[PDB]
Structures are given as structure tokens and as C-alpha cells.
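> structure, please.
(one chain, ligands or ions: 2)
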Amino acid sequence: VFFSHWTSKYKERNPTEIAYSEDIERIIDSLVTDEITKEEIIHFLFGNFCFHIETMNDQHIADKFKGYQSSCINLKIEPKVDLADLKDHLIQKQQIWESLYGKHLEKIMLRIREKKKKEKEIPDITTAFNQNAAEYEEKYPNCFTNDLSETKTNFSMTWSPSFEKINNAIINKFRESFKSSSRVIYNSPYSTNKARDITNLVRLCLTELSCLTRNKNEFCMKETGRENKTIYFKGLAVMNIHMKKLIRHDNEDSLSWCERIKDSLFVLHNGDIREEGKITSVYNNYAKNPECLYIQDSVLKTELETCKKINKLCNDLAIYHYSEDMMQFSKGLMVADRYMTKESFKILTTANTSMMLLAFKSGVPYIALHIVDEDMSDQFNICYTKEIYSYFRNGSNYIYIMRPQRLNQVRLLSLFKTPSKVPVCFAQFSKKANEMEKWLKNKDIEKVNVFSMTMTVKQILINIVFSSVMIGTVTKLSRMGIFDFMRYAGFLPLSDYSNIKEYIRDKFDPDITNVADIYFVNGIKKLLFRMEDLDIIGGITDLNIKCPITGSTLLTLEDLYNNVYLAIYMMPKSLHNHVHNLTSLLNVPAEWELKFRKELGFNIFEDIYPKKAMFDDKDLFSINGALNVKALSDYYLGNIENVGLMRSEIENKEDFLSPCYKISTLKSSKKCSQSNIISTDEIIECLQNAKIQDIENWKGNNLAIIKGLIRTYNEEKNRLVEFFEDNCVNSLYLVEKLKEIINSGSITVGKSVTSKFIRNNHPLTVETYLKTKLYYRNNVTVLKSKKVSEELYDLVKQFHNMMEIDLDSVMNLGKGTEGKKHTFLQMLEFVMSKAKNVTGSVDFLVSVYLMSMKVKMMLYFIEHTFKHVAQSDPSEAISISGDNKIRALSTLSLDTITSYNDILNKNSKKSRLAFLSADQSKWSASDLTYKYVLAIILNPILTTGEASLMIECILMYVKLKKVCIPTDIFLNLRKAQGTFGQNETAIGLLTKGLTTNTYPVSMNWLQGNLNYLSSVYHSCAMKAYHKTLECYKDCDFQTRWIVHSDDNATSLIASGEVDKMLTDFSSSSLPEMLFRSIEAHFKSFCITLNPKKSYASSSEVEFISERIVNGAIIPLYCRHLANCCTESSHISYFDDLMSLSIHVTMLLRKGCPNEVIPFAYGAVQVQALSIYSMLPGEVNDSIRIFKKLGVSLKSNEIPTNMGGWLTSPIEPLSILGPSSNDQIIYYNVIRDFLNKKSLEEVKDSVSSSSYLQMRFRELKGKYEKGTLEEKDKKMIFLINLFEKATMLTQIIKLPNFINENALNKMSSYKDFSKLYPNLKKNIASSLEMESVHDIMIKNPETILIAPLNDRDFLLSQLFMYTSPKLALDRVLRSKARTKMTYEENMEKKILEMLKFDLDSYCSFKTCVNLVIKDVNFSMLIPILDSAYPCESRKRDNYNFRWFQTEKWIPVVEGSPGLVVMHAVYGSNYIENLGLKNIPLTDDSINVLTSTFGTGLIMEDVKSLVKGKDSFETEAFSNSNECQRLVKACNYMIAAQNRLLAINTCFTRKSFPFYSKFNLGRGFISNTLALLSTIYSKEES
Ligand SMILES: NC(=O)c1ncn([C@@H]2O[C@H](CO)[C@@H](O)[C@H]2O)n1
Ligand SMILES: NC(=O)c1ncn([C@@H]2O[C@H](CO)[C@@H](O)[C@H]2O)n1
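Numbers count the residues shown, from 1 in each chain. Ligands and ions are numbered 1, 2, ... in the order given. Shown next is the protein structure:
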């Protein structure tokens, strides 16, 4: 049945003694035990398919039986002759193999009892902390100094004073203040050459060196006095352009000092007088009157007043101005990172009235200068007691100079993210603080101020301000370590943790190097003290305290997790260096591979070797062997049901037996990282044909090769000598030629310039430098990065024997559908036959992970043949239908487990329940890979030959894998070992003294390569754990498991003799024994549990995120909240706004509070405007340009691609998405122009014909009479916008770097430059161009259709070429000429769109149709129009109970089928706006090639000269609007031919080829019920 097709030609091959390697023999020979012998394991493993015999075709059965008989012939075991002997032997095997699980149960019990009596029993957490300090003092002697005057800087490297006086005037004020007599007073850190030197340096730089100026602020010194030069050089010597000092965790003077620091911070912050700015404008637009963001404003008022009060407190406490100053000064420092030298400096001054900094040439060293009045000076001294060198008195003011500080680039970027980080932290902390919220509810907006707060509310505001300041501008690594510790140390309120005290004793790093992190340390210590002191309302009985913000009297448990994980997730990632980060990413496989090699006893030099017969139930790297086979056999028998139907479904859906370019994974523009090296023959021929008479005439690659060999000879002569010896016979001739070239003297040599040699030179120089430097009788390769769409083209050319491209060779074969094609598996076996030949094993090379095309195809085969095996398991959740399925399957697991326990607890003896939420420690490095070949062999889906191919792929992948080091990292490591170390770590042990580029890694299969097979093996291990647990005699067990890669969510319900079973398992609780038994079983199955980020509980489940307790979920919206303010795509403004509006929509879907949404809007808009299109008050705005030109559009009607602001209403944003604002403004303008009231009215008017023509004619008459109106001008502007333009596009697209200078790197362009000569590389051009279009117009399928077969792919790639760290770059690109400017480009563009123009009926009516015809819009808008505000079981509660009722629950009773009021939503992809742009582009390129053909055959094309029929029909199509006429024709024509490529050409030329060949037209969409996955906890 189902026509089982042989999808290979390896039918004669067998898994044993036919493949290249013999490792299967020793794999079988390593599985012999004392009771299972050689013939039994051979019989079971090579004939276990007999259980899958009632759903197999006869050809499949005969092929597998022949494979069994053959494999037993090579494996010297006499096989059985008929199937009956096979079945009898298999029932004997199933009995004796069944007698193993009691032995495994006794083994895991003995392992638990062995692991019990070894670890520790520590009394409490205070003793654990004291012990951890004791071992840290034992490792490093005499730390934890008691003198606080030698710690590090406290207030980061930025110190902002509020200012009272109202850009060169500030610098002149400082210059006139600095001219008084010297009365300086030096300061002690916690109660002096450096202060004197920095005072003299600042005094000189202010008085005498300021007025050779550049860019109005940057100036240097050359013609100065010798005394001034001495002062400047002493200042630069102070600049400098284990010795750690720590403090103990239980200090008290540090607490008192930190309290004084907090009060002085608050009284310093409450002094500002400014009231206008850039950040203030956008945040006040979004939060001062946020009622424009709602539709039903009157039903909630206290939330809006609370948001207004929070914004008023932000305005009062100078939060916006502090964030603005931080952003502008970080931008100025990033600009100051420039080619300016060490003798120049810059004066940074923002709109702050009297704050200055001096920036000099690891980071940027700088000094800050401040003016402080006599009112608040001692509080300034208390604040900055660590960071004040000098101060003096002038008039009624004090002048303060701070210490030099250094900033890195990513640190300046994190300072640049301050206006997005800080105000949302303040808003959510003030929202979550209970007594602050009740005080804000008590007071009215006219009366809130600091002076009328009580002591407690004042203190909690001080703590909130301090926490927000120290969280939003985090720079140093101590806070990173503290927040990582608090991330990993929140597991104490639960039953069993195994990291409550051992984690603190072992892995906690007490790296407290300064003050005011002790506040966070004592906060988390007090929380853990309360937790150890001993739906669910939390804090009403425990009376818990928040860690950062203290925040007493917590209402629910939902706030603690949200605030703590907000502090966790709002931290920057790469505060470590880029080179060090790549070293860390490349170095961990070296450690975890050499550990494996040294433990198993392999040495460095020898081969990988498959089996040392030590893979029998050991601890480090082993499996049980004879148990995994039985577990996989039972898993396959219980999972796979219909082999033939499943195989046919694989071949149909996953597209086996299809051409390779039809695979979407192997077609899209990714990178394959092939190896390409400049040829040694090319190098020696360049050296041979280099002419000494042409020393000045050398240009290009010859000059690059000459400079490379000159540098190689200058650095290392002997290696070049032996390279010439082994690569040329005339080595003396080459040496004397090189000597004559270096004695000519017309070339330039260089010294060791580190990374600059690769930075400012041609790549060929450094490639020939590396190749001539590292010749060690091998071929060192550096991987390039080619596209996969250009390797597939070369592979097809190689497969079809077209090594060199000919124009007639492609055209000979491939006429229509019946031409020559190929399939993916014949391609794959041709690839394997090519790769099995000796080629130096360059095919298997991984560079940081970029795997080759060959390996990509092989893991595509493995992963997509195991994907459908993974799809049939209901307890397995990697094959999900989106992110909804994970949460849905998790909550079905939890509620069915709770239901089964509630059933079981009635009338039973005893019953216990325990959950486990585990993450595995190292899923890739510590794992074994030879356990996977076993899972390949008993696969019943495959036949003989495909399983052998799979085994060949896995064995070659394991045995031949290597990892190559990048060039700059390799050179830096080499020079570091050469000049400092003369030795290296394990990365320099795998590589022979760093004399090799590649180091081998085999048993660590790389992350993400094998995702489905590993999860399948994890689920098999879980089922084997259940089968082991079932063998206990006195108790009844039930286990349920959820499996994702590197994850596990288990639960177990036990009944029976509970006290006896816990005494046997040697633990006091069911979570404790569950943790120990899962650890023992996973250790038996070569899976290493992580003992710190894993816990066993009785009520809480955490799969990947959003932990759920007792059937009720904690929402966890802080991930989206930190994502919106931290992470952005950084490609353009429109795309970043759309991509973060997706995150705003998701945050609205996850149930956030009301007060955070306007601040989130402000955060995304501040980020987008601050990077790309400058926030208002300066150049490159859009509202300023629209106001200057007098454009008819308003401030809130500008589209986002034109620079407009996101002003979508919240419910359409949540339901539709980021395109809803463009759709809404378009629909509003249509309704305003057509003088209609409703969507139904305008649809009924448009649907009747002879209407829009009449409107266009009367609008033309109005334009002729000059009686245009405001709505008419808006209509003309948007009509032109759609004509010259998700619905819309970027319009102004700034071109990237011109890669036409690198198009010679691409093989399709190289083939296009050969069969067509250099006339068309960049009268012969006319006739060649004419030949190109008549061979293009004879084949419309090539340029209209994605490739049906061959002669539709490679010549399409030829013919498509016819006719025409990163944050600093695009913060400077806008302020540059790329030529003209962006602002004048927008000026010229809008001046072009402002005119009426003619022949715009096509764009007008297509805009009208595309806006009106959308089904989701046409159903959503009347529901939003006619929704009653409250009551009738809709609005009852107020605690975030309108972000859940009026959003989406009426939306789902709307689009329909449901009844919920409160649920967390995971939405479908119902809205699609791309059902017309694809045929628009297809018919656009159709008219493009038609117009170019007719313009080539003659000029002035208005009507043709009656050529052929296709030319006549394309003339008729281009006479009118071609797209509009073909849409109007297909409105009633309904041909829909069968696409045989012969009858379509028979029927009619133009219209069938360019209407139906897109497989459809604009048809009606489909609407779903939004897929409410799971409830929230209901409130009423
Ligand atoms: N004139 C130069 O070549 C120059 N100027 C500055 N540096 C760098 O300054 C550091 C030494 O002070 C090294 O990193 C150099 O590369 N080099
Ligand atoms: N980026 C991450 O979130 C990450 N990185 C590593 N790990 C896990 O944490 C362990 C080390 O603590 C590793 O073995 C991984 O399982 N998690």
C-alpha cells in the first residue's frame, strides 16, 4: 500500500563490513554482559523490526530480511531461515532482556546510598556565609581589609549635580571662575601629589589652553611654554596614558555610610530648576495626557491619575534631565573616541548650566568639573567623598574637581540606554511600592511634593531613587555578579533545592570591592533570613521585604518575582571585551574535550577511536549499553504505529525526492562558510613574473603578494626558505629575486602593528602572510563566507557535468516540465561520494558556529528525518506549532496531574506528590554521541542502505570534526605566548604549542545542530526511568515528564508504604528522593544534572519561563519590559519601531499593569528617535520638516516610514500589530475624503462601480479651479505616498556599502562576465542586450516563476543580474553626506509629493481596495465602534482588570467561540497584508522586462509597430495600467489551468502567464479565535 518507493540507490549496502569503518563491530563487542551474549545482541539489534510487521509493505519486509541475513553473514553468526524462528527467538530475547530493570533499580539505590554519606550538613546560612569567607581567605590570604579609604569608586564614573542658574558661556564662566587665587583644600576618602597634579592640569587647561581649535570644542597644544608642557605631562603621567582590596559581607559602618550616601543623594537630586528638554517632551507627550491611548477613558480614572502623579514626580526629581545629561555626555564621549592624538582634548558641555568635563585621548580618560552653591555643599561632600580630589571657594560658590575615569565603548552604550532604562524602573518601583501607591492615591495631583511626605514614605522614595540610579547605569562587574547570584538564589522558599547553602559555600564569589552594593547584599541576606526562618497571597503573613527597593507590605507574590527579575533582565550582556568574549566562546570546548580525552586515556596525537570497552555504567562518560537498547526498542514499539504512512508523510511534507532548490532551508540567503585559499601556484607564478623594471608599476594583487612575502621574510626567514624549497625547484632563484626586490628600496615595510596590519590592508596580503608563515607540511585554511544560494548553483553545475558554463548546454535540456530534474537524495549521495575521497578533510571545519554546505545537508537529513518521530510523542515539546503549544501542553500536564492526585487521595492509604523543574548542566560538551548510532539501528522507518548512510554520516561527523581559530585571535594568542608566556593552557595543548590553526573536537556535538534526536533520547530516558520505577514492589508510582532540549519538567505521584519507601531511598521527603533518583538515573543514562539551577518542589513548575503554581500562573512580563528598553535590532528606524512594537504587543498580551504602558511607549520611542531619527529640538527631525514646509498632514498623522510617531490605539495594537497605525491613518483619511461615516458605508459606496472615477474627475475639476481643501490635500499626499512607496515600505532607502567592487567574489556574476563579455560587465552592448531579451522573452517561466526544474534555475540566476559596535556608525551616518543629506533628501522628496501629478487612479484605487477589503479590519472596527463600556458581565474589578477584559476577551467572543474573561493569550497569524504585493512585484518585473525589450528593439515606445503576438499583447498591456487591467480581468475570469507548461502556452500568451502562474489572486482571508491557551487566576 501507498507505493513504497526506494528513495536511494544504496540498496546493496549493509551497516556492517560494507561501510568505510568497522566501529559497529566493536560497538556490538562492547555490549556483551555476563548473561547476554554475542549472538543474542546481534539477533535483537539486527532483527528487532519483527514487532513492526503488520504495517510494513512486502518489499520493505523482504529488503530488511535480506539485510539481516547479509549482516549475519558478515558478522559470523548463523541466522535463522524463516520468520517463525525469528519470532520465537525474539520472545526469548524479550524475556531475558526484560530481566534487567530490578538490577538497575538496585544500582540507583546503591548510588543514592553512596552519594548520601559524603557531602556535608551545615547548620544555617550565616554559618554558610562565614564558611565561604573562610575558604576564600584560605585560597587568597589576607583579604577583606577593614580600611574603607582604599576601595573602588562608588557612584559609577558619572556625578550629576542639580543646577540653579539660568554653550560657550558655560566655558567662559568656568574660565572666569578659575582665575582667582589658589586656596585649594585636598580631601581624604573616608576621613597628596595626585590632587596637586590634577589641579595644576585642570587650571592650565582651563586658563591658558582655551580661548588651535577644531569643531568649536576640540583643541590641542603645540606652541606653549616649557612649564606648561611640564604641567601637562605631569597630568598625563597621573592619567597613565594580586592587588585586590575587599570588604566583608557583615560590616556595619558600611551600612551607616550607605544610608548617609542615600540621604545625600536625595537631597542633591531635589534641587533642579530646568523644565524643558528632549526626553521631557516625548515622555510628557506619552504620559502627561495619556487618555489618547484608550478608547473607553471614563471607566478608569485612578490609574490615569497615578500615571500622571508618577510623571510629575519624575519631572520634579530631575530624572528626565539626569537621563538626558547621561545620554548626551555618552554621545559626546563616543564622538571623542576618534583619531585625535594624546596632545589634544575636548570640552564636553550639554544643556546643563554649569557642569563641564575635560575628555582626553581601554577607555576614554576624563575629568569632571562642577560648581556647587553654599546651600548644599556638605551633602555633596558626603555623596562624593570617594571621588573628590580638589575644591575651593570663589565668591558664593565652591569649585569641585573629580578624579579621572575611564569608559569603554559598550559601557558608553549602556550609559546611552539610560533614558530607556531609568524612568521605567522608577515607574514600576513606585507602582509596586504599596505604601507609596496608597500615599499617591491619598493625595491629589495639585499637592504632591517631597516636603509633605512622611519619614517612611520619604525613606522609601530615597531607596527607590537610589535603586533606579544604581540599576539603570550599571557598568562594573561586581553588580553583574551580585545580580547573577540573586538570579540563581531565589529558590529557598521551596521544599528541596540543593543550592540553598552549597551554592553559597562553593560557587559564590564575594567580590564586593566598594560600598553601596552592601545594601543589595544585606537586602538579599534579609530576604533569605526570612525565608529560612519560615492564587497564594504572599507577604500578608510572612511580611517580606524586597531586595532592591525594600518596599514593605507586599500584597501578592506576583510583585516580588516581577521586580527581582526586572533587576535581573535589565542588565547589559557584553560588558566584557569582544576579543575576550570570542576567546571564552572558543576556549570552553578545549577544556571540556581535553577533560574527556585525559579521563578516557586517549593521548593528544592519536585518532579519535570509538570504543575502549569502558562504556558500562561508569560515572564520567558511559552508558549502561545493554539497557539503552531495550529502552529505545520499547520507545519505538510504543511510539511508531504506521511505518508506511509515516514514511510517505515524511516524503510528502518534508519534501524528499524533490529538487534541492525547492527546500526552503537550503534556499534563503544565509552563509555556508566554505574554505578558499590563494593558490601556492598563483603565488609562485606571481613571484616568477614579477619584474624588477616594474617596481613602480606594481598595482593590486601582485603588490599585495610582494608586500606579504617581504613581511614574511623580514619576520621569519627560515619558514619562507623551506616553503620555497617545498613549493619551487628554483629556490635559490626565488631567494635572490626576493633579495633584489628588498634591495630595490621602492617598497614600504612595517613593524609589529598588531591588528592594524589586518585592519588597513588588502586581505590577500594577510592570507599570503599566514600561508607563508605557517607552512608545516600541511595546508592551513581560513574559512570565508559564501552564500548557500551560490554553493547550490555550483553544486547543480557540478552534478549536471557543466564544470564550465556554456550558453547552449543549459538551453539544450529542460524544455518545460518534462525536462531533466534531480532529487535531494541523489544530490546527497553524489555529495557523499565526492566527500569520501581523500581531500585533506577540509569539508569538516567549523568556525565561530558556521558549518559547511555538506555538513548542513547531512544534519538537515538527520534532523528532518527525526522531526516526524518527535512529532508523534505527546510528552515531547520541541515540535511545537508556535509558542502557544509549550504553555498549553505544560498546563495540560499540570492540571491532569492535580486532577489525578485529587482523584487518588480519596479512600487510599497514603499519597504524596512531587514536582521537579530541572535544567541539564552541559547538554553538548558532556554528552556522548556513540549512543546515537544505537538509536539509528533500531529505527523501523528506514530500510537497509539509508540506515547505513545515516551511520556513515554520524561516524564521519564524529571522527573527522575540527574547529579552526580566526586570524586575529590566533595572531594575538601567538604573540602573547611568544612575548610573555612561552606556554599555554589546554587550548595550547590541543594545538601543538599554537603551531596549528585547527584543534579537534569530536564528542561535543555543537549546540543547536541536533535538537530533535537529543530530545527524543531524553524522552526515552524518562520512559526508562518510569519502567525502572515500576519494578518496586510495595508502592505504586506514576510519572509524567515534559521534555525540551536542555530542559526537563517531571512530576511523580506515589502511593503505598510511604515511610518504608522513603526509608529505603534514604530521604525525608518525596522531592528530595525525586531529586536524588533523577540524578542517579540520569547519571546512568550519561546525562549530567545541574545541582544549582534546578529544584524539586511540591507546588511550583518552571519549564522555560513564567512559573506556574497550583494551576495558577505568574505572568512574568518583565522579560518584555526589559527587552523593550534594552535590546533592539539596529538596522533602520521603521523596522526597529515595528520590531519593538511587536514586543509592546506581547507585553500587552502578558498582562502588565496600567501605569507602565505609557512609559514603555516612551522607552521604545526614546530608543528609536535617539539612535536613528533625532528626537525633537535638533536636525533630522520630521515634525519640524512637516511644520516648516506647511504640509497638510498633522503631527499625529505622519506615517512611520516618513519619520512619524507611533500613535496607534492600544487595542488595535494588541489585536492586529504594528501595521495597524498605518492602516488606521489610511482609513481615517479615506473616510474624511469620501464624506462618509462608517466602514460599512464606505464599503457599500466603493462596491458600486462608476464611483471612484467620478470622485477622481470632480477632484481634478477642483484642482483645475483651485478650490482644493485640507482633506483634499491630505488625499493627494497619501495617494502620491502609496504611488511612490506591512502596507508601506522604507521609501528613502539609504544604500549600503557598494558591493559591486566585490561582485567578482560571486560565481553567478563570474559566469555572467564570461559568456557575455565585458561590454555588459559594468553598439555591441545594444545587440548583446537584444539577444538577452529575446532569449528572455522566449522563456517567460525563467523570469516569472520560482524554478520548476532545471533550465529554470541556473540561467535564472544568470538573468536576474540583468538591468539595475554598530551603534556608533549610524549615529554618525545621519550627520554626514552620503551625495546630499538626509534632511534635504526628505525636503526634495516631500516637495515632489506635494504636487497633484497625473495618472494616479491606479495607486488611488488599489490603496482604497487594499484598505477596505481586509476581513480582520472590517470585522474588528465595527466591534470597537459598537462596544458598550462596562457591565453586562464585562467590567467588575480594577486591579489590571481592563487590560484583560476589554482588550481581547470581547475580541474573542467577537472573532468567535469562547466564554473567558481572564486569560493569557497566544495569538495566531490571522492578519496578513502580503496577498497583493507579491503579484504586484511579479507583474512589475513583467512590465519591466517587456518595456526593456521593446525599448531595445526601438525607441520612443508608445505604440508598437506590429511585431510578434507577444509584443502586440505587451503593448496592449502597457497602453493602460497593466496591473489594474489584469486585476480587472481576473475579477470575473476564472480559468485556473492545471499548470502543465504546455497547455498554458497553448491557451493564451500574456494573461495566463502573468495572472494564474502566481498560483492565485487576492482571495478572502480566514479568521480564528486568537487561541486563548490558558487562563489567569480569576479576579472579580
Ligand atoms: N603614532 C603612533 O603610531 C601611535 N599613536 C598612538 N599609538 C598607540 O598608542 C599605544 C602606545 O602608547 C599603542 O597602542 C600604539 O599603537 N601609536
Ligand atoms: N547563556 C545562558 O543562559 C547559559 N550559558 C550557560 N548556561 C548553563 O549554565 C551552566 C553553567 O553554569 C552551563 O553548563 C549551561 O547549562 N546558561
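> what's the spacing between the residue of the chain at minimum distance from ligand 2 and residue 981?
When scored by CB to the nearest ligand atom, the chain has residue 922 as its residue closest to ligand 2, at 4.4 Å. Bear in mind the C-beta positions are built from the backbone N, C-alpha and C, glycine included. The gap separating residue 922 from residue 981 is 28 Å, by CB to CB, to the nearest Å.
> compare those two and say which is more crowded by neighbours.
Of the pair residue 922 and residue 981, residue 922 is the one with more neighbours under other CB atoms under 10 Å, namely 15 against 12.
> rewinding a little: and the residue of the chain closest to ligand 2, that one's in a strand?
No - applying DSSP: H, G, I helix; E, B strand; the rest coil, one finds residue 922 to be coil, outside a strand.
> please name the residues that touch it.
Counting by CB atoms under 8 Å, 6 or more residues apart in numbering, residue 922 touches 592, 1088.
> can you check residue 1119 too?
Contacts for residue 1119 (CB under 8 Å, 6+ apart) come out as 565, 569, 1105.
> number of residues surrounding the last one?
Under the neighbour criterion other CB under 10 Å, residue 1105 is assigned a count of 10.
> equivalent analysis for residue 273, please.
Using other CB under 10 Å, residue 273 has 12 other residues around it.
> that one is in contact with residue 166, isn't it?
Yes - judged on CB atoms under 8 Å, residue 273 makes contact with residue 166 at a distance of 7.0 Å.
> just say helix, strand or coil for residue 1092.
Classification of residue 1092 by three-state DSSP places it in coil.
> torsion angles phi and psi at the closest residue to it other than its chain neighbours?
Using CB to CB, 6 or more residues apart in numbering and skipping residues adjacent in sequence, the residue nearest residue 1092 is residue 499, 4.3 Å away. Torsion angles at residue 499 (phi, psi; degrees, to the nearest 10) stand at phi -140, psi 20.
> any idea how many residues pack against residue 499?
20.
> now do the contacts for it.
Residue 499 makes contacts with 488, 489, 491, 1091, 1092, 1093, 1095, as judged by CB under 8 Å, 6+ apart.
> now residue 180
Counting by CB under 8 Å, 6+ apart, residue 180 touches 392, 394.
> could you look up the SS state of it?
At residue 180 the chain is in coil, as set by three-state DSSP.
> what parts of the protein come near ligand 2?
Proximity of the chain to ligand 2 (CB under 6 Å from any ligand atom) is limited to residues 921, 922, 1090.
> which among those residues gets closest to residue 893?
residue 1090 (21.4 Å; CB to CB).
> my guess is that closest one meets residue 918, correct?
Yes - the criterion here is CB under 8 Å, and residue 1090 meets it with residue 918 at 7.4 Å.
> tell me which of these two has more neighbours.
residue 918 (23 against 15).
> give the contact list for the residue in the chain sticking out farthest from the centre.
Distance from the C-alpha centroid of the chain, by CA atoms, centre = their mean, peaks at residue 181 (57.9 Å). Shown in contact with residue 181 (CB under 8 Å, 6+ apart): no residues.
> what's the answer for residue 528, then?
By CB under 8 Å, 6+ apart, the contact list for residue 528 reads 125, 489, 492.
> check residue 658 too.
Residue 658 makes contact with 823, 824, according to CB under 8 Å, 6+ apart.
> now the one 4 residues further on
Residue 662 makes contact with 655, 1347 under the criterion CB under 8 Å, 6+ apart.
> go again using 7 Å as the cut-off
With contacts defined as CB atoms under 7 Å, 6 or more residues apart in numbering, residue 662 is in contact with residue 655.
> list the buried residues for stretch 400-419?
Buried residues in stretch 400-419, counted by 16 or more other CB atoms under 10 Å: 400-405, 407-419.
> please flag which of these sit within strands.
Counted as lying in strands by DSSP state E, out of the buried residues of stretch 400-419, are 400, 401, 405, 407.
> list the contacts of the residue lying closest to the last one once chain neighbours are set aside.
It stands for residue 407. Of all residues not flanking residue 407 in the chain, residue 363 sits nearest, at 4.7 Å (CB to CB, 6+ apart). Contact analysis of residue 363 by CB under 7 Å, 6+ apart lists 406, 407, 408.
> go again using 10 Å as the cut-off
By CB atoms under 10 Å, 6 or more residues apart in numbering, the contact set of residue 363 is 157, 333, 337, 405, 406, 407, 408, 409, 411, 412.
> what do you get for residue 1548?
With CB under 10 Å, 6+ apart, residue 1548 has these contacts: 1509, 1513, 1535, 1537.
> after the longest helix along the chain comes which helix or strand?
In the chain, taking DSSP state H as the definition, the longest helix is helix 578-600. With elements assigned by DSSP states H and E, the helix or strand that comes after helix 578-600 is helix 628-639.
> show me what that following helix is packed up against.
Packed against helix 628-639 by the contact rule (3 or more CB pairs under 10 Å, 6 or more residues apart in numbering; DSSP states H and E) you find helix 38-47, helix 83-98, helix 853-870, helix 931-937, helix 1012-1029.
> tell me the domain boundaries of the chain?
Following automatic domain parsing, one gets these domains for the chain: 7-98+928-961, 143-246+342-406, 704-777, 1300-1359, 1477-1558.
> now the third one, how far from the centre of its chain.
Which is domain 704-777. Its chain's average C-alpha position is 41 Å from that of domain 704-777, according to CA atoms, centre = their mean, to the nearest Å.
> what ranges do the helices span in the stretch 351-500 of the chain?
Ranges of helices in the stretch 351-500 of the chain, per DSSP state H, counting those that start in this stretch, are 378-383, 409-416, 418-432, 434-442, 455-472, 477-488.
> how near is residue 572 to residue 418?
12 Å.
> you'd agree residue 817 is in a helix?
No - using three-state DSSP, the secondary structure at residue 817 is coil, not a helix.
> neighbours of it, how many?
Using other CB under 10 Å, residue 817 has 14 other residues around it.
> ok, it - contacts?
Applying CB under 10 Å, 6+ apart to residue 817 gives the contacts 1341, 1348, 1349, 1352, 1539, 1540, 1541, 1542.
> same thing but 8 Å
Going by CB under 8 Å, 6+ apart, the list of residues near residue 817 reads 1348, 1349, 1540, 1541, 1542.
> reformat these as CSV; add secondary structure and distance to residue 1497.
CSV is the format used below for the contacts of residue 817 (DSSP: H, G, I helix; E, B strand; the rest coil; distance: CB to CB, whole Å):
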residue, secondary structure, distance to residue 1497
1348, coil, 28
1349, coil, 30
1540, coil, 31
1541, coil, 26
1542, coil, 27
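> and these, which are buried?
Neighbour-count burial (16+ other CB under 10 Å) is assigned, among the contacts of residue 817, to 1348, 1349, 1541.
> got the contact list for the second one?
Applying CB under 8 Å, 6+ apart, we find residue 1349 in contact with 659, 814, 817, 819, 820, 821.
> picking that back up, I'd like the domains of the chain as TSV, with distance to residue 1177 appended.
Below are those laid out as TSV (distance: least, CB to CB, whole Å):
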stretch	distance to residue 1177
domain 7-98+928-961	56
domain 143-246+342-406	9
domain 704-777	37
domain 1300-1359	39
domain 1477-1558	37
